[PDB]
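In: Here's a sequence, model it:
(chains A, B, C, D and E)
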Amino acid sequence: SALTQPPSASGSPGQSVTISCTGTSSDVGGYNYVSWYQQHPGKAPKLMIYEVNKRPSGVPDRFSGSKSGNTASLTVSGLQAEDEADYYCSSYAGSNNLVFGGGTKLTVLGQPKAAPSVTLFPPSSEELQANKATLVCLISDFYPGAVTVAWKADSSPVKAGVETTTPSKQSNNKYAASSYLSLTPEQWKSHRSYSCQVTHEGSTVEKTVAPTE
Amino acid sequence: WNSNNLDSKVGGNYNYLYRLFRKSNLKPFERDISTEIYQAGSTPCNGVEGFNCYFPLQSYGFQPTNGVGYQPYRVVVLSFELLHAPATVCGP
Amino acid sequence: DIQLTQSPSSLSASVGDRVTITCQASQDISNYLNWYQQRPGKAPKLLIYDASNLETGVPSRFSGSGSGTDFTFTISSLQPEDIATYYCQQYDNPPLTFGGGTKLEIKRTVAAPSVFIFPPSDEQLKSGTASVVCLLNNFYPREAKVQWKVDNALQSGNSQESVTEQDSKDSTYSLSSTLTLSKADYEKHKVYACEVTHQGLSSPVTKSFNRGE
Amino acid sequence: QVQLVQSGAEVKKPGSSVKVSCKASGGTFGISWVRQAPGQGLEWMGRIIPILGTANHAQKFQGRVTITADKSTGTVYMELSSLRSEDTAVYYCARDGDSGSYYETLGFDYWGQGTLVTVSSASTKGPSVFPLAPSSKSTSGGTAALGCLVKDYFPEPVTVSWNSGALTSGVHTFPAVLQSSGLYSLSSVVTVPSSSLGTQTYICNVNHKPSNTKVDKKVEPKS
Amino acid sequence: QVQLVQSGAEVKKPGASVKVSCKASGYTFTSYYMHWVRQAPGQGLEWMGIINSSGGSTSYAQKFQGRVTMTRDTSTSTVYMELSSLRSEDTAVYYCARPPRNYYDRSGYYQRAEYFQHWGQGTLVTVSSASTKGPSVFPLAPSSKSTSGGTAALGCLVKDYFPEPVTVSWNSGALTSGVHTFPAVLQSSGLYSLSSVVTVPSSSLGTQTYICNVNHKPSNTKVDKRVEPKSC
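Out: Numbering: from 1, shown residues only, chains lettered A, B, ... in the order given. I have put the structure below:
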């Protein structure tokens, strides 16, 4: 709203990506106060370009701003994996009005698939003593951020009591997700073993867990 | 001379102003009392303060607890002009 | 002739540190002392006059005090742009004299150099001499080892280095290693490499080129 | 030394008022506020120049935003009143120019950390902390994995540290999960050498500020 | 705006005389004293003397007594300083400086205020036997695809010139961001050499033209050079 920034630009390493930010004459076209911010998920925005073409102290030369008519454009020249972030544009819309863009999720293409690293934790004695149980399945360091979780009771699927998070980008540019299976102590102690299966890009990773008596 | 007692008061005195912005420097013995919104950037300002558009004058804010450097001093400047006219001011 | 001694002659402090320099006079000059901040290549810049008065346009972080024979100049929080040589001057009695100077430097986080190589120009080869240049851009600390390898043979006594002054913004250094050879000697070999070893580099970085491509 | 430190992790019932502070360190000409709804984009809120006395509001926040500053403390406050579910967002400070140069670039150099203001009717809950114990399955590689499960808490956020912050190597605090119940849950794992499993004690510290809940939990292998 | 513009850097044979000019603009010339300050390369500042712009009264330091002469022209608002019988110790940069006006005390005591608010850019006087030589400017092209990685570095090599200094700008001064002009190096041949590099986005390598301007005033040599990447 208020600006048109294409949500999903993508690029490849070494190549150049041009992200657009389209306004009107009264906001982007008329005046030369345009800014480009880069924001990694979970972190605060960082200034990359201000006043259309000005790189602040500490920004690599790869990021180059420009403007044409009613469209500002940020060009990333030396694309690296680290550049995978959300890019917002801001502009002067008049005295006492500053307008931001919708954001562009820049995806760098080249990257090698990473298999998901899975760790399965059984319920704690403290939790079992409270007439509850929860299996924890933690998935880290995979790419792309698309996994599917399945729970098996000895062999058979369990579709009830599962809560799986949406994959989110880590600091190391890979993705992480968690999945919790809430169960009763009866169900826990009445089965041979439970298993968390994570499917990623056709491959699968299984982790099993059994009670200790 | 220092006039902290006369010019400052509790909660600060805001009756004393100074001009913070002007398009050009003043010529000697010039007085600018205009209150035009100063255009500091490329924005028009349209007669209303805002982004890169500030009120030209600013308040001194003389607190009694302020340091000596920020206390109100009163200044008198005596200028002795000698033109091709009858000298009408003399002493003993 | 009033002699002025400055203590220290050099110093290095971190960003935000409080810095203090002393100027001692051989005779009593009440407060007829001034402080100048000469940046490299530029002229002196007056910061403090009458030993305690801040010059119009100087940040609040600077201060000066003292009387008689002893004066002190203080920086509240050392900012990156404060790197210069600071001098004291007296005007109590002719002739005017200046202190020894105090070269102030910044202590910074370790930064790795960007290494570039430049073969000799086609124009210069017409003249008989060939100059190969290696650039180490924006690093810290100032120490760095630069080795010339011609056909993987170490060259010595033929290169000269030039190091810039500390940058007023990022407090980094830059270095130019010029290797000068004769055209005959230059055409004798094929592979010209510049090998940089620096603290901010995990392994030695080599930037090479083959003659005639 | 030019950092902006933002306080607060406040939770407010709809219709109430929230006040967020920004402490400026180093030189700062003017401080602006920018809000970001969870998952959505950035939107501008207002700007203040304490050395000049001017303040700005976006048109949508007319009558709701009050931006003040106290120079004695060097801090800048922003108060949003008549809160609704639409306001639940993260609020950032932003520097607009250094202590000199009365110019405004409209590019915000340094940003504070997140200040999450969750506006909800629903009552806060507070977490239940459980230890996730290592096994030969996780330990035999020379490196074992310990963990803490922070279950059934509301609202965000929760802070999980290890050994009162004395253990940072190999700490991975997973993002929360929004359950069907509308409550959050997360896990925090740490990789530690197996050799230290018997020598050193490993405590996880969970802090939920909205409920003033502080829980230590010892993670030991199950015998 | 107040401005002190000094004459170009000069090279003079030992025993000769130099005359350095300091032109004042942007204030009434005949209302302030002018002081001279010399600074040897690597050494500190040293006072030379004072001249009265109004009446022409002059006071030189005892070290320079009989060898330094300070001249003044009111019509052109300029100050000249001449040093004769030059030696190797005199190789230095010479600054003019204006202090504020001396004021009278309440008691009537002449209070001198000799702190220097405005300085010139400096005039380097190199005292040497060696004949002046004009520089050779060569392009340092990022032939290697340093463009891959978003940032290219281009440069200019100013080789075999004498004496100091040379002025190197980029795009007639329109490019200052990321410019590093290295200090000069005295080669074995007794001639100076330096390099000036600039870091630019690779995207602009084809869009913007990059000219380096080298100016050696002692030899009246001005060379523009267009630096283009070598395509292998």
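In: Disregarding residues adjacent in the polypeptide, which is nearest to residue 31?
Out: Chain wasn't specified; assuming chain A. residue A:92 (4.9 Å; CB to CB, 6 or more residues apart in numbering or on different chains). (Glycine included, C-beta is placed from N, CA and C.)
In: right idea, wrong chain: chain D
Out: Among residues not flanking residue D:31 along the chain, residue D:76 sits closest, at 4.8 Å (CB to CB, 6+ apart).
In: so what secondary structure elements neighbour the helix or strand harbouring the residue nearest to residue A:31?
Out: In this assignment (DSSP states H and E), residue A:92 forms part of strand A:86-94. When contacts are defined as 3 or more CB pairs under 8 Å, 6 or more residues apart in numbering or on different chains; DSSP states H and E, strand A:86-94 sits against strand A:17-22, strand A:34-39, strand A:71-76, strand A:97-100, strand A:104-105, strand D:42-48.
In: And it, what's buried?
Out: Neighbour-count burial for strand A:86-94 flags A:86, A:87, A:88, A:89, A:90, A:91, A:92, A:93, A:94 (criterion: 16 or more other CB atoms under 10 Å in any protein chain shown).
In: Look up phi and psi at residue A:184.
Out: Per-residue torsions, residue A:184: phi -90, psi 150 (degrees, to the nearest 10).
In: Other residues contacting the strand holding residue A:92?
Out: Residues external to strand A:86-94 that are found in contact with it (CB atoms under 8 Å, 6 or more residues apart in numbering or on different chains): A:2-3, A:5, A:19, A:21, A:23, A:26-28, A:31, A:33-41, A:45, A:48, A:72, A:74, A:98-106, B:43, B:51, D:41-42, D:44, D:106-107.
In: ok, for residue C:168, nearest residue in space, not its chain neighbours?
Out: Take residue C:168 and drop its neighbours on the chain: the residue closest to it by CB to CB, 6+ apart is residue C:81, 4.5 Å away.
In: Assumed that neighbour was part of a strand.
Out: No - counting by DSSP: H, G, I helix; E, B strand; the rest coil, one finds residue C:81 to be helix, located in no strand.
In: I'd assumed residue C:169 was in contact with it.
Out: Yes - if you go by CB atoms under 8 Å, residue C:81 and residue C:169 touch, sitting 7.1 Å apart.
In: Please state the offset of stretch A:168-184 from the chain centre?
Out: 11 Å (CA atoms, centre = their mean, to the nearest Å).
In: May I see the buried residues of that stretch?
Out: A:169-170, A:173-183.
In: Same check on stretch C:99-113?
Out: Within stretch C:99-113, the residues scored as buried using 16+ other CB under 10 Å are C:99, C:100, C:101, C:102, C:103, C:104, C:105, C:106, C:108, C:111, C:112, C:113.
In: Find the nearest non-adjacent residue to the second one, please.
Out: I take that to be residue C:100. Nearest to residue C:100 is residue C:6, by CB to CB, 6+ apart, at 4.4 Å.
In: Helix, strand or coil: sort out the one you found for me.
Out: Secondary structure, three-state DSSP: residue C:6 is strand.
In: picking up where we left off before, next one: the residue nearest to residue C:168 relative to residue C:171, how far apart?
Out: Using CB to CB, to the nearest Å, residue C:81 is found at 9 Å from residue C:171.
In: These two: who's more crowded?
Out: Neighbours per residue (other CB atoms under 10 Å in any protein chain shown) separate residue C:81 from residue C:171, with residue C:171 holding more: 19 against 13.
In: Which secondary structure state does that one sit in?
Out: What three-state DSSP gives for residue C:171 is coil.
In: Next, work out how far apart it and chain D are.
Out: 13 Å (CB to the nearest CB, to the nearest Å).
In: Now that residue: closest residue in space, sequence neighbours ignored.
Out: Using CB to CB, 6+ apart, the closest residue to residue C:171 is residue C:106 (4.1 Å).
In: circling back: deepest in the core, which of the helices and strands packed on strand A:86-94 is it.
Out: strand A:34-39 (a mean of 24; mean count of other CB atoms under 10 Å in any protein chain shown).
In: C-terminal to it, what's the next element?
Out: Note on strand A:34-39: by DSSP H and E, the next helix or strand toward the C-terminus is strand A:46-49.
In: What is the next helix or strand along the chain from that following strand packed up against?
Out: Using DSSP H and E, the helix or strand that directly follows strand A:46-49 along the chain is strand A:63-68. The helices and strands touching strand A:63-68, judged by 3+ CB pairs under 8 Å, 6+ apart, are strand A:34-39, strand A:46-49, strand A:71-76.
In: and the residue of chain B found nearest chain A, bridged to which residues?
Out: Closest residue of chain B to chain A, CB to the nearest CB: residue B:50 (3.1 Å). When bridges are called by DSSP bridges, residue B:50 pairs up with residue B:53.
In: Any idea how many residues pack against it?
Out: Residues near residue B:50, counting by other CB under 10 Å, number 21.
In: How much space separates it from residue D:59?
Out: To residue D:59, residue B:50 is 13 Å away according to CB to CB.
In: What of residue A:149?
Out: Distance, residue A:149 to residue D:59, using CB to CB: 45 Å.
In: ranges for the helices of chain C?
Out: With helices called from DSSP state H, chain C shows them at C:183-187.
In: Which residue of it lies farthest from its centroid?
Out: For chain C, the largest distance from the centre (CA atoms, centre = their mean) belongs to residue C:188, which lies 37.1 Å off.
In: what residues does stretch A:63-77 touch?
Out: Contacts to stretch A:63-77, defined as CB under 8 Å, 6+ apart, come from residues A:11, A:16-25, A:28-29, A:32, A:34, A:36, A:48-49, A:52-55, A:61-62, A:83, A:87, A:89, A:91, A:106, E:147, E:150-151, E:201-204.
In: Okay, and the beta partners of the closest residue to chain B within chain C?
Out: Proximity of chain C to chain B (CB to the nearest CB) peaks at residue C:54, 8.4 Å away. Bridge pairing for residue C:54 (DSSP bridges) gives the partners residue C:48.
In: From residue C:99, how far out is it?
Out: Per CB to CB, residue C:54 is found 19 Å from residue C:99.
In: Who are the contact partners of the residue lying closest to residue C:146 once chain neighbours are set aside?
Out: Nearest residue to residue C:146 in three dimensions, chain neighbours excluded: residue C:177, at 4.5 Å (CB to CB, 6+ apart). By CB under 8 Å, 6+ apart, residue C:177 lies in contact with C:133, C:134, C:136, C:146, C:148, C:159, C:160, C:161, C:194.
In: Now tabulate these in JSON lines and tack on distance to residue B:11 and neighbour count.
Out: Listed next are these as JSON lines, based on distance: CB to CB, whole Å; neighbours: other CB atoms under 10 Å in any protein chain shown:
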{"residue": "C:133", "distance to residue B:11": "65", "neighbour count": "22"}
{"residue": "C:134", "distance to residue B:11": "65", "neighbour count": "24"}
{"residue": "C:136", "distance to residue B:11": "58", "neighbour count": "24"}
{"residue": "C:146", "distance to residue B:11": "64", "neighbour count": "19"}
{"residue": "C:148", "distance to residue B:11": "71", "neighbour count": "20"}
{"residue": "C:159", "distance to residue B:11": "69", "neighbour count": "17"}
{"residue": "C:160", "distance to residue B:11": "67", "neighbour count": "14"}
{"residue": "C:161", "distance to residue B:11": "63", "neighbour count": "14"}
{"residue": "C:194", "distance to residue B:11": "67", "neighbour count": "25"}
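In: what are the ranges of the helices in chain D?
Out: D:136-139.
In: which ones are touching residue 18?
Out: Using chain A. Residues in contact with residue A:18, defined by CB under 8 Å, 6+ apart, are A:9, A:73, A:74, A:75.
In: oops, chain B please
Out: B:57, B:58, B:60.
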